[PDB]
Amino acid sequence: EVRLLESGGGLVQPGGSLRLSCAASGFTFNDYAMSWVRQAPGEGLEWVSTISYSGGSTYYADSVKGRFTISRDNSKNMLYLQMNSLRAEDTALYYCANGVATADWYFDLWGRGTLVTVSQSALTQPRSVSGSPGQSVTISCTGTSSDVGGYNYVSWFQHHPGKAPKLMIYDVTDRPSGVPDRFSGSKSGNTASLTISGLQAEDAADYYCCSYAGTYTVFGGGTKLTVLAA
């Protein structure tokens, strides 16, 4: 059905150049914004760039601004990322994402990711939280007045490094398809909060809050959730 497929990753020398590709399938590609999100080994999720549905709007992260160029070919159902002046800190698994099922500014559809090898200001989360199976945990996310306190476009993601993140909560409180009611969200001022009840062993993962602020998307630092067996 609906699919995103990244490609074009490989080993490149520092300062080199690479072009990434994302293949859409199963939906009207030119009706939706496309975004690139990366994860560097040992690092949390980082929003890289977003292109609007038409192509006349490109948004970039300051950590990459000037060196990458995002583009899309709506005739070919393809999204592209032109990465130049590639540094070591750009070594990451790269993902393309859109909001085909929720809204144009969210990430609910993800690809499998492509691996790029080159030879913070994030929202504040707890680094670690633990809980016993069946119990409940609450994870907090504190941002500025320009993101979490600016709009109500907050998201929560489940993630295991080496696979794409999964959208668990969008619009502060709502669950996409397939997410149990054990996950619920809330917001107060500049702080958002995810609560996971009825903890199971498979709930152990990394949890990131996310905020869309118009000109940019920003992820939290991430909270490792350990479910201690019993």
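In case it trips you up, residue 1 is the first one in the sequence shown, and so on.
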Residue 130 to residue 131: deposited residues not modelled, binned count -> none
Between 191 to 199 and 46 to 54 (mean CA B-factor, as deposited), the higher
46 to 54
59 to 67 versus 34 to 42 - greater average Cα B-factor per the deposited record
59 to 67
Maximum C-alpha temperature factor, selected from 114, 142, 135, 102
142
Entry record, C-alpha B-factors for 93, 109, 154, 122; the maximum is at 122
Would you check the entry's CA temperature factor for residue 4 and let me know if it's in the chain's lowest, middle or highest third?
middle
Relative to the other modelled residues of the same chain, rank the CA B-factor of residue 209 and answer lowest, middle or highest third.
lowest
Split into thirds by Cα B-factor across the chain's modelled residues, where does residue 225 land: lowest, middle or highest?
lowest
What third of the chain, by the recorded C-alpha B-factor, contains residue 88?
highest
Among modelled residues of the same chain, the CA temperature factor third for residue 81:
middle
